[PDB]
file coords-v6.pdb (PDB, C-alpha atoms)
ATOM      1  CA  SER A   2      35.292  68.385   3.239  1.00  0.00           C
ATOM      2  CA  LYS A   3      31.994  70.384   3.277  1.00  0.00           C
ATOM      3  CA  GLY A   4      30.089  67.532   5.076  1.00  0.00           C
ATOM      4  CA  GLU A   5      32.433  67.599   8.053  1.00  0.00           C
ATOM      5  CA  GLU A   6      30.782  70.861   9.176  1.00  0.00           C
ATOM      6  CA  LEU A   7      27.540  68.945   9.855  1.00  0.00           C
ATOM      7  CA  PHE A   8      29.253  67.040  12.707  1.00  0.00           C
ATOM      8  CA  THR A   9      30.792  69.794  14.871  1.00  0.00           C
ATOM      9  CA  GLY A  10      28.093  69.456  17.564  1.00  0.00           C
ATOM     10  CA  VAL A  11      25.681  66.855  18.978  1.00  0.00           C
ATOM     11  CA  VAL A  12      23.473  65.265  16.292  1.00  0.00           C
ATOM     12  CA  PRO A  13      20.256  63.254  16.878  1.00  0.00           C
ATOM     13  CA  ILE A  14      20.246  59.699  15.468  1.00  0.00           C
ATOM     14  CA  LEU A  15      17.407  57.410  14.267  1.00  0.00           C
ATOM     15  CA  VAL A  16      18.043  53.739  13.314  1.00  0.00           C
ATOM     16  CA  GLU A  17      15.477  51.512  11.533  1.00  0.00           C
ATOM     17  CA  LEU A  18      16.107  47.820  10.823  1.00  0.00           C
ATOM     18  CA  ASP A  19      13.908  45.226   9.125  1.00  0.00           C
ATOM     19  CA  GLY A  20      15.262  41.682   9.318  1.00  0.00           C
ATOM     20  CA  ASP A  21      14.595  38.086   8.269  1.00  0.00           C
ATOM     21  CA  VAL A  22      16.893  35.325   9.603  1.00  0.00           C
ATOM     22  CA  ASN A  23      15.987  31.770   8.482  1.00  0.00           C
ATOM     23  CA  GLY A  24      12.402  32.999   7.964  1.00  0.00           C
ATOM     24  CA  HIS A  25      12.207  34.620  11.438  1.00  0.00           C
ATOM     25  CA  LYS A  26      11.060  38.207  10.730  1.00  0.00           C
ATOM     26  CA  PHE A  27      11.660  41.134  13.120  1.00  0.00           C
ATOM     27  CA  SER A  28      12.021  44.935  13.337  1.00  0.00           C
ATOM     28  CA  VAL A  29      14.281  47.171  15.473  1.00  0.00           C
ATOM     29  CA  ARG A  30      14.079  50.945  16.108  1.00  0.00           C
ATOM     30  CA  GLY A  31      16.854  52.919  17.798  1.00  0.00           C
ATOM     31  CA  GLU A  32      17.220  56.503  19.007  1.00  0.00           C
ATOM     32  CA  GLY A  33      19.980  58.582  20.588  1.00  0.00           C
ATOM     33  CA  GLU A  34      22.773  61.004  19.674  1.00  0.00           C
ATOM     34  CA  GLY A  35      26.300  61.213  18.300  1.00  0.00           C
ATOM     35  CA  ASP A  36      29.210  63.555  19.051  1.00  0.00           C
ATOM     36  CA  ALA A  37      31.929  63.076  16.404  1.00  0.00           C
ATOM     37  CA  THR A  38      34.257  65.528  18.192  1.00  0.00           C
ATOM     38  CA  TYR A  39      34.801  62.775  20.743  1.00  0.00           C
ATOM     39  CA  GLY A  40      33.842  59.777  18.514  1.00  0.00           C
ATOM     40  CA  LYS A  41      30.982  59.120  20.960  1.00  0.00           C
ATOM     41  CA  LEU A  42      27.606  57.345  20.478  1.00  0.00           C
ATOM     42  CA  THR A  43      24.775  56.844  23.005  1.00  0.00           C
ATOM     43  CA  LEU A  44      21.760  54.871  21.777  1.00  0.00           C
ATOM     44  CA  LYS A  45      18.842  52.688  22.914  1.00  0.00           C
ATOM     45  CA  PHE A  46      17.336  50.063  20.569  1.00  0.00           C
ATOM     46  CA  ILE A  47      13.885  48.386  20.803  1.00  0.00           C
ATOM     47  CA  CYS A  48      12.583  45.223  19.122  1.00  0.00           C
ATOM     48  CA  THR A  49       9.195  46.509  18.006  1.00  0.00           C
ATOM     49  CA  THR A  50       7.842  43.127  16.842  1.00  0.00           C
ATOM     50  CA  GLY A  51       8.280  41.246  20.142  1.00  0.00           C
ATOM     51  CA  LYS A  52      11.233  39.020  21.073  1.00  0.00           C
ATOM     52  CA  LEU A  53      14.407  39.336  19.027  1.00  0.00           C
ATOM     53  CA  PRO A  54      15.128  35.926  17.402  1.00  0.00           C
ATOM     54  CA  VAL A  55      18.939  36.423  17.405  1.00  0.00           C
ATOM     55  CA  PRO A  56      21.312  37.684  20.137  1.00  0.00           C
ATOM     56  CA  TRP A  57      21.537  41.483  20.415  1.00  0.00           C
ATOM     57  CA  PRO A  58      25.381  41.487  20.089  1.00  0.00           C
ATOM     58  CA  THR A  59      25.135  40.014  16.553  1.00  0.00           C
ATOM     59  CA  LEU A  60      23.350  43.230  15.379  1.00  0.00           C
ATOM     60  CA  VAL A  61      25.743  45.865  16.828  1.00  0.00           C
ATOM     61  CA  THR A  62      27.847  46.417  13.659  1.00  0.00           C
ATOM     62  CA  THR A  63      24.696  46.640  11.482  1.00  0.00           C
ATOM     63  CA  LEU A  64      22.931  49.132  13.785  1.00  0.00           C
ATOM     64  CA  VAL A  68      26.978  55.215  11.620  1.00  0.00           C
ATOM     65  CA  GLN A  69      30.736  55.453  10.999  1.00  0.00           C
ATOM     66  CA  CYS A  70      30.331  59.164  10.138  1.00  0.00           C
ATOM     67  CA  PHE A  71      30.518  59.675  13.963  1.00  0.00           C
ATOM     68  CA  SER A  72      34.131  58.403  14.161  1.00  0.00           C
ATOM     69  CA  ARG A  73      36.686  60.884  15.527  1.00  0.00           C
ATOM     70  CA  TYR A  74      39.209  61.641  12.767  1.00  0.00           C
ATOM     71  CA  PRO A  75      42.342  63.445  14.048  1.00  0.00           C
ATOM     72  CA  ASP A  76      43.072  66.801  12.391  1.00  0.00           C
ATOM     73  CA  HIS A  77      46.024  65.322  10.470  1.00  0.00           C
ATOM     74  CA  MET A  78      43.729  62.585   9.067  1.00  0.00           C
ATOM     75  CA  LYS A  79      40.748  64.826   7.975  1.00  0.00           C
ATOM     76  CA  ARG A  80      41.584  64.188   4.304  1.00  0.00           C
ATOM     77  CA  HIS A  81      40.775  60.458   4.764  1.00  0.00           C
ATOM     78  CA  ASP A  82      37.192  60.784   6.153  1.00  0.00           C
ATOM     79  CA  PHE A  83      34.975  59.364   3.386  1.00  0.00           C
ATOM     80  CA  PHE A  84      31.907  59.029   5.637  1.00  0.00           C
ATOM     81  CA  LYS A  85      31.410  62.720   6.466  1.00  0.00           C
ATOM     82  CA  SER A  86      32.366  63.846   2.934  1.00  0.00           C
ATOM     83  CA  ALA A  87      29.317  62.052   1.468  1.00  0.00           C
ATOM     84  CA  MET A  88      26.911  64.046   3.724  1.00  0.00           C
ATOM     85  CA  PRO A  89      24.189  65.270   3.735  1.00  0.00           C
ATOM     86  CA  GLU A  90      23.100  63.217   0.671  1.00  0.00           C
ATOM     87  CA  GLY A  91      24.593  60.134   2.305  1.00  0.00           C
ATOM     88  CA  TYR A  92      25.985  56.735   1.390  1.00  0.00           C
ATOM     89  CA  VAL A  93      24.947  53.126   0.846  1.00  0.00           C
ATOM     90  CA  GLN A  94      26.608  50.636   3.210  1.00  0.00           C
ATOM     91  CA  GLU A  95      26.548  46.922   2.280  1.00  0.00           C
ATOM     92  CA  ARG A  96      27.993  43.967   4.208  1.00  0.00           C
ATOM     93  CA  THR A  97      28.345  40.205   4.155  1.00  0.00           C
ATOM     94  CA  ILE A  98      28.816  38.900   7.727  1.00  0.00           C
ATOM     95  CA  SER A  99      29.934  35.253   7.867  1.00  0.00           C
ATOM     96  CA  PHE A 100      29.539  33.517  11.237  1.00  0.00           C
ATOM     97  CA  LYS A 101      32.179  30.780  11.398  1.00  0.00           C
ATOM     98  CA  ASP A 102      30.636  27.293  11.271  1.00  0.00           C
ATOM     99  CA  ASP A 103      27.161  28.908  11.009  1.00  0.00           C
ATOM    100  CA  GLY A 104      25.053  31.152   8.746  1.00  0.00           C
ATOM    101  CA  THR A 105      25.481  34.560   7.083  1.00  0.00           C
ATOM    102  CA  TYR A 106      23.869  38.004   7.277  1.00  0.00           C
ATOM    103  CA  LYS A 107      23.630  40.178   4.124  1.00  0.00           C
ATOM    104  CA  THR A 108      22.836  43.823   4.894  1.00  0.00           C
ATOM    105  CA  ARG A 109      22.019  46.915   2.816  1.00  0.00           C
ATOM    106  CA  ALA A 110      21.644  50.339   4.477  1.00  0.00           C
ATOM    107  CA  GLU A 111      21.291  54.000   3.509  1.00  0.00           C
ATOM    108  CA  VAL A 112      22.797  56.571   5.900  1.00  0.00           C
ATOM    109  CA  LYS A 113      21.747  60.203   5.319  1.00  0.00           C
ATOM    110  CA  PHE A 114      20.309  63.354   6.901  1.00  0.00           C
ATOM    111  CA  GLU A 115      16.536  63.886   7.118  1.00  0.00           C
ATOM    112  CA  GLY A 116      16.483  67.466   8.336  1.00  0.00           C
ATOM    113  CA  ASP A 117      18.596  67.682  11.503  1.00  0.00           C
ATOM    114  CA  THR A 118      18.429  63.904  12.173  1.00  0.00           C
ATOM    115  CA  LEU A 119      21.042  61.396  10.960  1.00  0.00           C
ATOM    116  CA  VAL A 120      19.087  58.302   9.790  1.00  0.00           C
ATOM    117  CA  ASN A 121      20.410  54.736   9.289  1.00  0.00           C
ATOM    118  CA  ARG A 122      17.751  52.613   7.448  1.00  0.00           C
ATOM    119  CA  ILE A 123      18.709  48.922   7.041  1.00  0.00           C
ATOM    120  CA  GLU A 124      17.419  45.686   5.515  1.00  0.00           C
ATOM    121  CA  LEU A 125      18.993  42.434   6.826  1.00  0.00           C
ATOM    122  CA  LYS A 126      18.665  38.886   5.415  1.00  0.00           C
ATOM    123  CA  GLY A 127      20.129  35.856   7.225  1.00  0.00           C
ATOM    124  CA  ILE A 128      20.301  32.317   5.810  1.00  0.00           C
ATOM    125  CA  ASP A 129      21.891  28.920   6.586  1.00  0.00           C
ATOM    126  CA  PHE A 130      21.834  29.200  10.395  1.00  0.00           C
ATOM    127  CA  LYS A 131      21.851  26.061  12.555  1.00  0.00           C
ATOM    128  CA  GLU A 132      18.885  25.453  14.868  1.00  0.00           C
ATOM    129  CA  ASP A 133      21.173  24.556  17.780  1.00  0.00           C
ATOM    130  CA  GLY A 134      24.002  26.930  16.910  1.00  0.00           C
ATOM    131  CA  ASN A 135      25.273  29.854  18.941  1.00  0.00           C
ATOM    132  CA  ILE A 136      22.978  32.347  17.140  1.00  0.00           C
ATOM    133  CA  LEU A 137      19.544  30.692  16.938  1.00  0.00           C
ATOM    134  CA  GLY A 138      20.406  28.865  20.186  1.00  0.00           C
ATOM    135  CA  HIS A 139      21.187  32.094  22.107  1.00  0.00           C
ATOM    136  CA  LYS A 140      24.588  30.988  23.452  1.00  0.00           C
ATOM    137  CA  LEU A 141      26.392  34.345  23.121  1.00  0.00           C
ATOM    138  CA  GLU A 142      27.212  36.486  26.152  1.00  0.00           C
ATOM    139  CA  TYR A 143      25.682  39.976  26.499  1.00  0.00           C
ATOM    140  CA  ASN A 144      28.928  41.941  26.071  1.00  0.00           C
ATOM    141  CA  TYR A 145      31.198  43.307  23.329  1.00  0.00           C
ATOM    142  CA  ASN A 146      34.923  43.410  22.477  1.00  0.00           C
ATOM    143  CA  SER A 147      37.205  46.124  21.045  1.00  0.00           C
ATOM    144  CA  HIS A 148      38.174  45.895  17.361  1.00  0.00           C
ATOM    145  CA  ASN A 149      40.118  47.438  14.475  1.00  0.00           C
ATOM    146  CA  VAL A 150      38.147  48.166  11.281  1.00  0.00           C
ATOM    147  CA  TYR A 151      40.565  48.220   8.309  1.00  0.00           C
ATOM    148  CA  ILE A 152      39.602  50.715   5.558  1.00  0.00           C
ATOM    149  CA  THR A 153      40.908  50.848   1.960  1.00  0.00           C
ATOM    150  CA  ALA A 154      39.862  52.965  -1.013  1.00  0.00           C
ATOM    151  CA  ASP A 155      37.647  51.555  -3.787  1.00  0.00           C
ATOM    152  CA  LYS A 156      38.439  53.917  -6.661  1.00  0.00           C
ATOM    153  CA  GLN A 157      36.412  52.008  -9.273  1.00  0.00           C
ATOM    154  CA  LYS A 158      33.213  52.584  -7.253  1.00  0.00           C
ATOM    155  CA  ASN A 159      34.103  56.069  -5.906  1.00  0.00           C
ATOM    156  CA  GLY A 160      33.912  54.664  -2.375  1.00  0.00           C
ATOM    157  CA  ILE A 161      35.589  52.444   0.216  1.00  0.00           C
ATOM    158  CA  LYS A 162      35.918  48.850   1.415  1.00  0.00           C
ATOM    159  CA  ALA A 163      36.395  47.541   4.956  1.00  0.00           C
ATOM    160  CA  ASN A 164      37.530  44.181   6.337  1.00  0.00           C
ATOM    161  CA  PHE A 165      37.494  43.094   9.989  1.00  0.00           C
ATOM    162  CA  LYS A 166      36.762  40.202  12.345  1.00  0.00           C
ATOM    163  CA  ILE A 167      34.258  40.583  15.209  1.00  0.00           C
ATOM    164  CA  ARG A 168      34.840  38.319  18.248  1.00  0.00           C
ATOM    165  CA  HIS A 169      31.640  37.292  20.091  1.00  0.00           C
ATOM    166  CA  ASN A 170      32.239  35.646  23.487  1.00  0.00           C
ATOM    167  CA  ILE A 171      30.392  32.292  23.902  1.00  0.00           C
ATOM    168  CA  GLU A 172      28.991  31.351  27.333  1.00  0.00           C
ATOM    169  CA  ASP A 173      31.411  28.376  27.573  1.00  0.00           C
ATOM    170  CA  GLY A 174      34.555  30.544  27.269  1.00  0.00           C
ATOM    171  CA  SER A 175      35.076  30.034  23.518  1.00  0.00           C
ATOM    172  CA  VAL A 176      34.706  32.613  20.702  1.00  0.00           C
ATOM    173  CA  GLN A 177      32.293  32.876  17.751  1.00  0.00           C
ATOM    174  CA  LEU A 178      34.060  34.697  14.900  1.00  0.00           C
ATOM    175  CA  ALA A 179      32.019  36.949  12.580  1.00  0.00           C
ATOM    176  CA  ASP A 180      33.976  37.874   9.447  1.00  0.00           C
ATOM    177  CA  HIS A 181      32.872  41.251   8.007  1.00  0.00           C
ATOM    178  CA  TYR A 182      33.273  42.358   4.360  1.00  0.00           C
ATOM    179  CA  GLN A 183      31.960  45.886   3.724  1.00  0.00           C
ATOM    180  CA  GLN A 184      31.494  48.269   0.753  1.00  0.00           C
ATOM    181  CA  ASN A 185      30.273  51.899   0.852  1.00  0.00           C
ATOM    182  CA  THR A 186      29.363  54.151  -2.104  1.00  0.00           C
ATOM    183  CA  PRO A 187      27.986  57.716  -2.210  1.00  0.00           C
ATOM    184  CA  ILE A 188      24.323  58.437  -2.932  1.00  0.00           C
ATOM    185  CA  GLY A 189      24.992  61.895  -4.391  1.00  0.00           C
ATOM    186  CA  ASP A 190      27.049  63.086  -7.267  1.00  0.00           C
ATOM    187  CA  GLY A 191      29.300  65.572  -5.407  1.00  0.00           C
ATOM    188  CA  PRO A 192      32.976  65.026  -4.640  1.00  0.00           C
ATOM    189  CA  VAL A 193      33.985  62.632  -1.857  1.00  0.00           C
ATOM    190  CA  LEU A 194      37.259  61.805  -0.108  1.00  0.00           C
ATOM    191  CA  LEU A 195      38.997  58.534  -1.009  1.00  0.00           C
ATOM    192  CA  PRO A 196      41.355  57.569   1.844  1.00  0.00           C
ATOM    193  CA  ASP A 197      44.787  56.066   2.220  1.00  0.00           C
ATOM    194  CA  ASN A 198      44.847  52.806   4.208  1.00  0.00           C
ATOM    195  CA  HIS A 199      43.916  53.300   7.892  1.00  0.00           C
ATOM    196  CA  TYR A 200      41.775  51.739  10.626  1.00  0.00           C
ATOM    197  CA  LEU A 201      39.024  52.656  13.083  1.00  0.00           C
ATOM    198  CA  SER A 202      39.707  51.692  16.720  1.00  0.00           C
ATOM    199  CA  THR A 203      36.427  50.761  18.467  1.00  0.00           C
ATOM    200  CA  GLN A 204      35.166  50.103  22.003  1.00  0.00           C
ATOM    201  CA  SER A 205      31.579  49.398  23.152  1.00  0.00           C
ATOM    202  CA  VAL A 206      29.585  48.675  26.342  1.00  0.00           C
ATOM    203  CA  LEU A 207      26.125  47.023  26.355  1.00  0.00           C
ATOM    204  CA  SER A 208      23.538  47.355  29.141  1.00  0.00           C
ATOM    205  CA  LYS A 209      19.807  47.404  29.981  1.00  0.00           C
ATOM    206  CA  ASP A 210      17.359  50.138  31.000  1.00  0.00           C
ATOM    207  CA  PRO A 211      15.742  48.962  34.283  1.00  0.00           C
ATOM    208  CA  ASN A 212      12.473  50.744  33.376  1.00  0.00           C
ATOM    209  CA  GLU A 213      12.146  49.158  29.909  1.00  0.00           C
ATOM    210  CA  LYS A 214       9.870  46.112  29.576  1.00  0.00           C
ATOM    211  CA  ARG A 215      10.301  45.636  25.810  1.00  0.00           C
ATOM    212  CA  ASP A 216      13.215  43.553  24.460  1.00  0.00           C
ATOM    213  CA  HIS A 217      15.985  46.145  24.050  1.00  0.00           C
ATOM    214  CA  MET A 218      19.690  47.128  24.134  1.00  0.00           C
ATOM    215  CA  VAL A 219      21.428  50.224  25.603  1.00  0.00           C
ATOM    216  CA  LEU A 220      24.779  51.065  23.925  1.00  0.00           C
ATOM    217  CA  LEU A 221      27.744  53.385  24.618  1.00  0.00           C
ATOM    218  CA  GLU A 222      30.481  53.426  21.950  1.00  0.00           C
ATOM    219  CA  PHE A 223      33.735  55.301  21.194  1.00  0.00           C
ATOM    220  CA  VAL A 224      35.543  55.170  17.804  1.00  0.00           C
ATOM    221  CA  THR A 225      38.804  56.886  16.780  1.00  0.00           C
ATOM    222  CA  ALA A 226      40.579  56.770  13.412  1.00  0.00           C
ATOM    223  CA  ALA A 227      44.249  55.751  13.571  1.00  0.00           C
ATOM    224  CA  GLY A 228      47.149  54.200  11.665  1.00  0.00           C
ATOM    225  CA  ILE A 229      48.654  57.275   9.942  1.00  0.00           C
ATOM    226  CA  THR A 230      51.311  59.389  11.653  1.00  0.00           C
ATOM    227  CA  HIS A 231      51.206  63.180  12.016  1.00  0.00           C
ATOM    228  CA  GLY A 232      54.560  63.634  10.247  1.00  0.00           C
ATOM    229  CA  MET A 233      56.102  65.699  13.064  1.00  0.00           C
ATOM    230  CA  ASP A 234      58.484  63.007  14.332  1.00  0.00           C
ATOM    231  CA  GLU A 235      61.607  64.744  13.004  1.00  0.00           C
ATOM    232  CA  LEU A 236      60.347  68.070  14.344  1.00  0.00           C
ATOM    233  CA  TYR A 237      59.942  66.768  17.915  1.00  0.00           C
ATOM    234  CA  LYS A 238      63.523  65.483  17.688  1.00  0.00           C
ATOM    235  CA  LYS A 239      64.618  69.053  17.018  1.00  0.00           C
ATOM    236  CA  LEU A 240      62.630  70.340  19.986  1.00  0.00           C
ATOM    237  CA  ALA A 241      64.317  67.745  22.208  1.00  0.00           C
ATOM    238  CA  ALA A 242      67.712  69.113  21.114  1.00  0.00           C
ATOM    239  CA  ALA A 243      66.648  72.688  21.957  1.00  0.00           C
ATOM    240  CA  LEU A 244      65.506  71.797  25.488  1.00  0.00           C
TER
END

call {"tool": "encode", "arguments": {"input": "coords-v6.pdb", "output": "structure tokens"}}
result
Amino acid sequence: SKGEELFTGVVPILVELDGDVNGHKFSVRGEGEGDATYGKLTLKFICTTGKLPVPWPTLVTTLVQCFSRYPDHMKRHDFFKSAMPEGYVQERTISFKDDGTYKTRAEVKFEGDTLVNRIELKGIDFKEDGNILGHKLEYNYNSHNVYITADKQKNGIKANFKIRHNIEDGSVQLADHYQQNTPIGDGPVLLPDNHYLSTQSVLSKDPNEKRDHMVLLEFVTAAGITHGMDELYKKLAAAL
């Protein structure tokens, strides 16, 4: 695709989030950079309104899948980069088991050299003493598979996955994710065969930062489709 050329080097990132969870309103701003050659993200996020009223880990998926590393043999399945620079809309429903839901709508696009993710988030039906409003989730993050399928009727994609949030008592709070992405522009985009994104993330703090904040390092690689050279490597083994 033409948009894949925008991601051959290091790209600055800006993230803006406005949220309302059970009437608790807040804003988050994030800055950093992405290197799609290695599927690598480094970012720091700030709650600009004061204290964040939900645990930071619950916002990780909402806070740029165009930075995933697609292997060469899978380039024809990379919807996210193909929509650039005009961008795409990303929508999700996130259902916290035995608790409330987040509904999110974002636009991801280039503003000059900067890749921008602008989000609105609405949360309803949360329990006052639950794991979310009660701040019972540990400050860490697990590794996941994000399953992608084409959505031909909308010229876009769908994703389904389950995020596992560790609870301080040793249990798990499941967050079911249903996702839909559609292009903003009118140019051609790539509709993929079924595959997944393999993720890993580490959360930390900046010892010099007095605002409520989150430091993030993340690596994402596309997988689930073979290179088709299996029979060839069998022939090389015979020629050894």

call {"tool": "resolve_selection", "arguments": {"input": "coords-v6.pdb", "expression": "the PyMOL selection byres ((chain A and resi 61-78) around 9)", "output": "ChimeraX atom specification"}}
result
/A:5,8,14,16-18,31,35-42,46,57-60,79-86,88,96,108,110,112,119-123,125,145,167,201,220,223-227,229-232

call {"tool": "residues_around", "arguments": {"input": "coords-v6.pdb", "residues": "residue 210 in chain A", "least_positions_apart": "3", "cutoff": "12 Å", "atoms": "only C-alpha atoms", "output": "PyMOL selection string"}}
result
chain A and resi 44-47+207+213-220

call {"tool": "residues_around", "arguments": {"input": "coords-v6.pdb", "residues": "residue 172 in chain A", "least_positions_apart": "5", "cutoff": "12 Å", "atoms": "all atoms listed in the file", "output": "VMD selection string"}}
result
chain A and resid 135 to 136 138 to 144 177

call {"tool": "resolve_selection", "arguments": {"input": "coords-v6.pdb", "expression": "the PyMOL selection byres ((chain A and resi 103-106) around 9)", "output": "ChimeraX atom specification"}}
result
/A:22,96-102,107-108,125-131,134-136,179

call {"tool": "residues_around", "arguments": {"input": "coords-v6.pdb", "residues": "residue 159 in chain A", "least_positions_apart": "6", "cutoff": "10 Å", "atoms": "all atoms listed in the file", "output": "PyMOL selection string"}}
result
chain A and resi 83+185-187+192-195

call {"tool": "closest_residue", "arguments": {"input": "coords-v6.pdb", "among": "A:124, A:95, A:173, A:222", "to": "residue 148 in chain A", "atoms": "all atoms listed in the file"}}
result
A:222

call {"tool": "closest_residue", "arguments": {"input": "coords-v6.pdb", "among": "A:153, A:199, A:146, A:160", "to": "residue 178 in chain A", "atoms": "only C-alpha atoms"}}
result
A:146

call {"tool": "atom_distance", "arguments": {"input": "coords-v6.pdb", "atom1": "CA of residue 115 in chain A", "atom2": "CA of residue 203 in chain A"}}
result
26.4 Å

call {"tool": "atom_distance", "arguments": {"input": "coords-v6.pdb", "atom1": "CA of residue 170 in chain A", "atom2": "CA of residue 208 in chain A"}}
result
15.6 Å

call {"tool": "atom_distance", "arguments": {"input": "coords-v6.pdb", "atom1": "CA of residue 50 in chain A", "atom2": "CA of residue 21 in chain A"}}
result
12.0 Å

call {"tool": "build_atoms", "arguments": {"input": "coords-v6.pdb", "residues": "range 149-163 of chain A", "atoms": "N, CA, C and O atoms", "output": "PDB file, in the frame of the given file"}}
result
ATOM      1  N   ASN A 149      39.570  46.556  15.505  1.00  0.00           N
ATOM      2  CA  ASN A 149      40.118  47.438  14.475  1.00  0.00           C
ATOM      3  C   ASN A 149      39.405  47.172  13.151  1.00  0.00           C
ATOM      4  O   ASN A 149      39.357  46.029  12.679  1.00  0.00           O
ATOM      5  N   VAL A 150      38.873  48.227  12.547  1.00  0.00           N
ATOM      6  CA  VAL A 150      38.147  48.166  11.281  1.00  0.00           C
ATOM      7  C   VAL A 150      39.077  48.703  10.196  1.00  0.00           C
ATOM      8  O   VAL A 150      39.351  49.908  10.159  1.00  0.00           O
ATOM      9  N   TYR A 151      39.549  47.830   9.293  1.00  0.00           N
ATOM     10  CA  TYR A 151      40.565  48.220   8.309  1.00  0.00           C
ATOM     11  C   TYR A 151      39.921  48.745   7.024  1.00  0.00           C
ATOM     12  O   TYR A 151      39.192  48.013   6.344  1.00  0.00           O
ATOM     13  N   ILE A 152      40.229  49.996   6.670  1.00  0.00           N
ATOM     14  CA  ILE A 152      39.602  50.715   5.558  1.00  0.00           C
ATOM     15  C   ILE A 152      40.604  50.875   4.412  1.00  0.00           C
ATOM     16  O   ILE A 152      41.773  51.228   4.639  1.00  0.00           O
ATOM     17  N   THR A 153      40.138  50.625   3.181  1.00  0.00           N
ATOM     18  CA  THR A 153      40.908  50.848   1.960  1.00  0.00           C
ATOM     19  C   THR A 153      40.021  51.521   0.916  1.00  0.00           C
ATOM     20  O   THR A 153      38.793  51.383   0.935  1.00  0.00           O
ATOM     21  N   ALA A 154      40.640  52.280   0.014  1.00  0.00           N
ATOM     22  CA  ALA A 154      39.862  52.965  -1.013  1.00  0.00           C
ATOM     23  C   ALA A 154      39.378  51.981  -2.074  1.00  0.00           C
ATOM     24  O   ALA A 154      40.019  50.962  -2.350  1.00  0.00           O
ATOM     25  N   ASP A 155      38.220  52.285  -2.654  1.00  0.00           N
ATOM     26  CA  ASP A 155      37.647  51.555  -3.787  1.00  0.00           C
ATOM     27  C   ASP A 155      37.422  52.564  -4.911  1.00  0.00           C
ATOM     28  O   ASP A 155      36.312  53.064  -5.106  1.00  0.00           O
ATOM     29  N   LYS A 156      38.487  52.847  -5.666  1.00  0.00           N
ATOM     30  CA  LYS A 156      38.439  53.917  -6.661  1.00  0.00           C
ATOM     31  C   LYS A 156      37.437  53.621  -7.775  1.00  0.00           C
ATOM     32  O   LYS A 156      36.783  54.538  -8.285  1.00  0.00           O
ATOM     33  N   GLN A 157      37.298  52.350  -8.163  1.00  0.00           N
ATOM     34  CA  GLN A 157      36.412  52.008  -9.273  1.00  0.00           C
ATOM     35  C   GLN A 157      34.947  52.291  -8.952  1.00  0.00           C
ATOM     36  O   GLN A 157      34.144  52.499  -9.868  1.00  0.00           O
ATOM     37  N   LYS A 158      34.581  52.303  -7.671  1.00  0.00           N
ATOM     38  CA  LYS A 158      33.213  52.584  -7.253  1.00  0.00           C
ATOM     39  C   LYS A 158      33.079  53.925  -6.535  1.00  0.00           C
ATOM     40  O   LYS A 158      32.014  54.212  -5.976  1.00  0.00           O
ATOM     41  N   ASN A 159      34.132  54.746  -6.537  1.00  0.00           N
ATOM     42  CA  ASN A 159      34.103  56.069  -5.906  1.00  0.00           C
ATOM     43  C   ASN A 159      33.753  55.973  -4.421  1.00  0.00           C
ATOM     44  O   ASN A 159      33.028  56.810  -3.881  1.00  0.00           O
ATOM     45  N   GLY A 160      34.276  54.953  -3.753  1.00  0.00           N
ATOM     46  CA  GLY A 160      33.912  54.664  -2.375  1.00  0.00           C
ATOM     47  C   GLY A 160      35.022  53.959  -1.625  1.00  0.00           C
ATOM     48  O   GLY A 160      36.210  54.158  -1.906  1.00  0.00           O
ATOM     49  N   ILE A 161      34.635  53.128  -0.650  1.00  0.00           N
ATOM     50  CA  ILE A 161      35.589  52.444   0.216  1.00  0.00           C
ATOM     51  C   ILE A 161      35.163  51.002   0.446  1.00  0.00           C
ATOM     52  O   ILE A 161      34.023  50.612   0.183  1.00  0.00           O
ATOM     53  N   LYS A 162      36.086  50.215   0.946  1.00  0.00           N
ATOM     54  CA  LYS A 162      35.918  48.850   1.415  1.00  0.00           C
ATOM     55  C   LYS A 162      36.408  48.775   2.852  1.00  0.00           C
ATOM     56  O   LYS A 162      37.236  49.587   3.287  1.00  0.00           O
ATOM     57  N   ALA A 163      35.873  47.827   3.623  1.00  0.00           N
ATOM     58  CA  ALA A 163      36.395  47.541   4.956  1.00  0.00           C
ATOM     59  C   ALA A 163      36.412  46.036   5.181  1.00  0.00           C
ATOM     60  O   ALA A 163      35.559  45.303   4.669  1.00  0.00           O
TER      61      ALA A 163
END
